[PDB]
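Trainee: Dropping a structure here in structure tokens format, bear with me for questions.
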Amino acid sequence: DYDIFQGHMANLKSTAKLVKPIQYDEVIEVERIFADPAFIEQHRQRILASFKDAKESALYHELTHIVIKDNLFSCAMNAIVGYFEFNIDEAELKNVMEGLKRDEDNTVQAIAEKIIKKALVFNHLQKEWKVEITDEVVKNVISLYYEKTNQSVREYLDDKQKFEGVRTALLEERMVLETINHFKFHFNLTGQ
């Protein structure tokens, strides 16, 4: 399960209720230290599509990170979803299956279902942990992208829609890092 909700659509008709308090002391068991090829490749093509001339040393670095975060984020999320009651809006689910249907079927609905749950949970902890991406951060982020790259990002600086779009993405990578920062992990290499 690759649990890592913005690519398409950035309050939702779906609701998430916290049934029990979360146990940040219960250690999370991590099942694997690696990822499958299909996944490393899908991301490698993503890094080459934005940094055509990206070197090797670079890829390993970024890719290595993608694996740990993914293995850790997924396992922490699988515990966190256990403290919530979810009411997934009938139509909202079909709209998510769309942005995913454009990029066999029950799999897509399982996926759409996980995108939504994640959303609701992140909405929740943002409160608890008090997390925010300021305009400063966003602006610097776009700038650094124009330096290492060279394409037009001007469109992102001055256009409320696009600019606020980058804030969302940044906010997602931060909740992930934040979720991971709040748990002790145990790696199941031999036993549990």
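Identifiers in this document derive from the order of the structure tokens: chains are assigned A, B, ..., residues are numbered from 1 separately in each chain, and ligands are numbered from 1 in order of occurrence.
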Please, which residues of stretch 88-174 of chain A, numbered as in this document, come out alpha helix (DSSP H) from DSSP, as an NGL selection string?

Mentor: :A and (90-102 or 106-129 or 135-148 or 154-157 or 160-174)

Trainee: I'd like the contact shell of stretch 155-167 of chain A - 10 Å cut-off, only C-alpha atoms, skipping same-chain residues fewer than 6 positions apart - returned as a ChimeraX atom specification.

Mentor: /A:6-7,9-10,132-135,137-139,141-143

Trainee: Please dump the current selection as a PDB file, in the first residue's frame; keep N, CA, C and O atoms.

Mentor:
ATOM      1  N   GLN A   6      -3.523  15.587  -3.750  1.00  0.00           N
ATOM      2  CA  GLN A   6      -3.564  16.944  -4.269  1.00  0.00           C
ATOM      3  C   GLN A   6      -3.375  17.039  -5.774  1.00  0.00           C
ATOM      4  O   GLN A   6      -3.885  17.963  -6.402  1.00  0.00           O
ATOM      5  N   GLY A   7      -2.642  16.088  -6.344  1.00  0.00           N
ATOM      6  CA  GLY A   7      -2.379  16.069  -7.779  1.00  0.00           C
ATOM      7  C   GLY A   7      -3.557  16.645  -8.554  1.00  0.00           C
ATOM      8  O   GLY A   7      -3.395  17.578  -9.343  1.00  0.00           O
ATOM      9  N   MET A   9      -7.523  17.462  -7.379  1.00  0.00           N
ATOM     10  CA  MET A   9      -8.168  18.503  -6.583  1.00  0.00           C
ATOM     11  C   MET A   9      -7.339  18.792  -5.336  1.00  0.00           C
ATOM     12  O   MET A   9      -6.831  17.873  -4.690  1.00  0.00           O
ATOM     13  N   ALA A  10      -7.202  20.072  -5.006  1.00  0.00           N
ATOM     14  CA  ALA A  10      -6.428  20.484  -3.841  1.00  0.00           C
ATOM     15  C   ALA A  10      -6.915  19.792  -2.569  1.00  0.00           C
ATOM     16  O   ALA A  10      -7.691  20.359  -1.798  1.00  0.00           O
ATOM     17  N   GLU A 132       1.461  25.132   9.755  1.00  0.00           N
ATOM     18  CA  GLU A 132       1.137  26.069   8.700  1.00  0.00           C
ATOM     19  C   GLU A 132       2.301  26.444   7.803  1.00  0.00           C
ATOM     20  O   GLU A 132       3.443  26.566   8.246  1.00  0.00           O
ATOM     21  N   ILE A 133       1.981  26.608   6.525  1.00  0.00           N
ATOM     22  CA  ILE A 133       2.942  26.999   5.511  1.00  0.00           C
ATOM     23  C   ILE A 133       2.630  28.453   5.211  1.00  0.00           C
ATOM     24  O   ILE A 133       1.555  28.755   4.698  1.00  0.00           O
ATOM     25  N   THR A 134       3.563  29.341   5.544  1.00  0.00           N
ATOM     26  CA  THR A 134       3.398  30.779   5.327  1.00  0.00           C
ATOM     27  C   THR A 134       3.719  31.197   3.889  1.00  0.00           C
ATOM     28  O   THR A 134       4.344  30.447   3.147  1.00  0.00           O
ATOM     29  N   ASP A 135       3.299  32.398   3.495  1.00  0.00           N
ATOM     30  CA  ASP A 135       3.578  32.883   2.152  1.00  0.00           C
ATOM     31  C   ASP A 135       5.069  32.944   1.933  1.00  0.00           C
ATOM     32  O   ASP A 135       5.544  32.753   0.820  1.00  0.00           O
ATOM     33  N   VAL A 137       7.485  30.918   3.038  1.00  0.00           N
ATOM     34  CA  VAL A 137       7.913  29.584   2.652  1.00  0.00           C
ATOM     35  C   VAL A 137       7.577  29.316   1.186  1.00  0.00           C
ATOM     36  O   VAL A 137       8.453  28.981   0.391  1.00  0.00           O
ATOM     37  N   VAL A 138       6.312  29.481   0.827  1.00  0.00           N
ATOM     38  CA  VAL A 138       5.887  29.237  -0.541  1.00  0.00           C
ATOM     39  C   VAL A 138       6.729  29.962  -1.564  1.00  0.00           C
ATOM     40  O   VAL A 138       7.181  29.369  -2.533  1.00  0.00           O
ATOM     41  N   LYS A 139       6.911  31.263  -1.349  1.00  0.00           N
ATOM     42  CA  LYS A 139       7.685  32.105  -2.252  1.00  0.00           C
ATOM     43  C   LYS A 139       9.112  31.609  -2.430  1.00  0.00           C
ATOM     44  O   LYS A 139       9.604  31.516  -3.560  1.00  0.00           O
ATOM     45  N   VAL A 141      10.230  28.624  -1.867  1.00  0.00           N
ATOM     46  CA  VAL A 141      10.171  27.328  -2.514  1.00  0.00           C
ATOM     47  C   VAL A 141      10.130  27.477  -4.026  1.00  0.00           C
ATOM     48  O   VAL A 141      10.881  26.817  -4.734  1.00  0.00           O
ATOM     49  N   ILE A 142       9.258  28.347  -4.522  1.00  0.00           N
ATOM     50  CA  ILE A 142       9.147  28.549  -5.959  1.00  0.00           C
ATOM     51  C   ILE A 142      10.430  29.108  -6.536  1.00  0.00           C
ATOM     52  O   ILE A 142      10.880  28.706  -7.606  1.00  0.00           O
ATOM     53  N   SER A 143      11.025  30.041  -5.814  1.00  0.00           N
ATOM     54  CA  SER A 143      12.254  30.654  -6.260  1.00  0.00           C
ATOM     55  C   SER A 143      13.350  29.621  -6.442  1.00  0.00           C
ATOM     56  O   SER A 143      13.970  29.556  -7.496  1.00  0.00           O
TER      57      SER A 143
END

Trainee: Can you pull out the residues contacting residue A:86? Cut-off 12 Å, using only C-alpha atoms, and skip same-chain residues under 4 positions away; I want them as a ChimeraX atom specification.

Mentor: /A:13-19,81-82,113-114,116-121

Trainee: Using only C-alpha atoms, which of the listed residues (A:84, A:73, A:122, A:51) sits closest to residue A:31?

Mentor: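 Nearest to residue A:31: A:73.
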
Trainee: For a quick check of understanding, using only C-alpha atoms, which of A:123, A:95, A:149, A:179 has the smallest distance to residue A:48?

Mentor: A:149

Trainee: Considering only C-alpha atoms, state which residue in the set A:140, A:129, A:191, A:184 is at the smallest distance from residue A:25.

Mentor: A:184

Trainee: Looking at only C-alpha atoms, which of A:27, A:56, A:153, A:12 is the one that sits closest to residue A:90?

Mentor: A:12

Trainee: Mind checking DSSP for chain A and telling me the strand (DSSP E or B) residues as a ChimeraX atom specification?

Mentor: /A:15-18,28-30,84-87,185-187

Trainee: Write the residues of the selection above to a file with N, CA and C atoms, as a PDB file, in the first residue's frame.

Mentor:
ATOM      1  N   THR A  15     -16.643  13.171   6.338  1.00  0.00           N
ATOM      2  CA  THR A  15     -16.280  13.493   7.704  1.00  0.00           C
ATOM      3  C   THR A  15     -15.476  12.422   8.403  1.00  0.00           C
ATOM      4  N   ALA A  16     -14.634  12.859   9.334  1.00  0.00           N
ATOM      5  CA  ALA A  16     -13.790  11.955  10.106  1.00  0.00           C
ATOM      6  C   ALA A  16     -13.903  12.271  11.601  1.00  0.00           C
ATOM      7  N   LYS A  17     -14.337  11.278  12.371  1.00  0.00           N
ATOM      8  CA  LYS A  17     -14.533  11.425  13.808  1.00  0.00           C
ATOM      9  C   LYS A  17     -13.499  10.649  14.620  1.00  0.00           C
ATOM     10  N   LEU A  18     -12.894  11.304  15.606  1.00  0.00           N
ATOM     11  CA  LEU A  18     -11.898  10.642  16.446  1.00  0.00           C
ATOM     12  C   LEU A  18     -12.522   9.861  17.602  1.00  0.00           C
ATOM     13  N   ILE A  28       5.196   1.489  16.333  1.00  0.00           N
ATOM     14  CA  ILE A  28       4.717   1.061  15.027  1.00  0.00           C
ATOM     15  C   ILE A  28       5.660   0.024  14.453  1.00  0.00           C
ATOM     16  N   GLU A  29       5.102  -1.080  13.979  1.00  0.00           N
ATOM     17  CA  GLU A  29       5.906  -2.140  13.390  1.00  0.00           C
ATOM     18  C   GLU A  29       6.048  -1.841  11.910  1.00  0.00           C
ATOM     19  N   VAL A  30       7.278  -1.841  11.418  1.00  0.00           N
ATOM     20  CA  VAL A  30       7.493  -1.600   9.999  1.00  0.00           C
ATOM     21  C   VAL A  30       7.793  -2.937   9.332  1.00  0.00           C
ATOM     22  N   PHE A  84     -10.211   6.437  14.073  1.00  0.00           N
ATOM     23  CA  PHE A  84     -11.222   7.289  13.481  1.00  0.00           C
ATOM     24  C   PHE A  84     -12.426   6.557  12.927  1.00  0.00           C
ATOM     25  N   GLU A  85     -13.521   7.290  12.860  1.00  0.00           N
ATOM     26  CA  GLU A  85     -14.751   6.787  12.314  1.00  0.00           C
ATOM     27  C   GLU A  85     -14.802   7.582  11.028  1.00  0.00           C
ATOM     28  N   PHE A  86     -15.085   6.928   9.914  1.00  0.00           N
ATOM     29  CA  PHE A  86     -15.122   7.650   8.663  1.00  0.00           C
ATOM     30  C   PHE A  86     -16.465   7.570   7.980  1.00  0.00           C
ATOM     31  N   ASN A  87     -16.908   8.694   7.441  1.00  0.00           N
ATOM     32  CA  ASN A  87     -18.145   8.714   6.693  1.00  0.00           C
ATOM     33  C   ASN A  87     -17.752   9.280   5.338  1.00  0.00           C
ATOM     34  N   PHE A 185       9.430   3.788  16.015  1.00  0.00           N
ATOM     35  CA  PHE A 185       9.245   2.688  15.076  1.00  0.00           C
ATOM     36  C   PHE A 185      10.090   1.506  15.469  1.00  0.00           C
ATOM     37  N   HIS A 186       9.622   0.330  15.075  1.00  0.00           N
ATOM     38  CA  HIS A 186      10.329  -0.924  15.289  1.00  0.00           C
ATOM     39  C   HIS A 186      10.378  -1.616  13.927  1.00  0.00           C
ATOM     40  N   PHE A 187      11.570  -2.026  13.508  1.00  0.00           N
ATOM     41  CA  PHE A 187      11.680  -2.681  12.204  1.00  0.00           C
ATOM     42  C   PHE A 187      11.680  -4.191  12.314  1.00  0.00           C
TER      43      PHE A 187
END

Trainee: What are the closest atom pairs, with distances in Å to one decimal, for all residues of stretch 13-92 of chain A lying within 12 Å of stretch 171-176 of chain A? Consider only C-alpha atoms, order rows by chain and residue number, and present the result as a tab-separated table.

Mentor:
residue	atom	partner	partner_atom	distance
A:66	CA	A:173	CA	11.1
A:68	CA	A:176	CA	11.6
A:69	CA	A:176	CA	7.9
A:70	CA	A:176	CA	9.2
A:71	CA	A:176	CA	11.5
A:72	CA	A:176	CA	9.4
A:73	CA	A:176	CA	6.5
A:74	CA	A:176	CA	9.5
A:75	CA	A:176	CA	11.6
A:76	CA	A:176	CA	9.7
A:77	CA	A:176	CA	9.3

Trainee: What is the atom CA of residue A:24-atom CA of residue A:183 distance in Å, reported with one decimal?

Mentor: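 Atom CA of residue A:183 lies 5.6 Å from atom CA of residue A:24.
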
Trainee: Would you please work out which residue, of A:55, A:47, A:65, A:146, is nearest to residue A:177 when using only C-alpha atoms?

Mentor: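 Checking each candidate against residue A:177, we get A:65 as the closest.
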
Trainee: Which residue out of A:45, A:168, A:150, A:106 has the minimum interatomic distance to residue A:59 when only C-alpha atoms are used?

Mentor: A:45
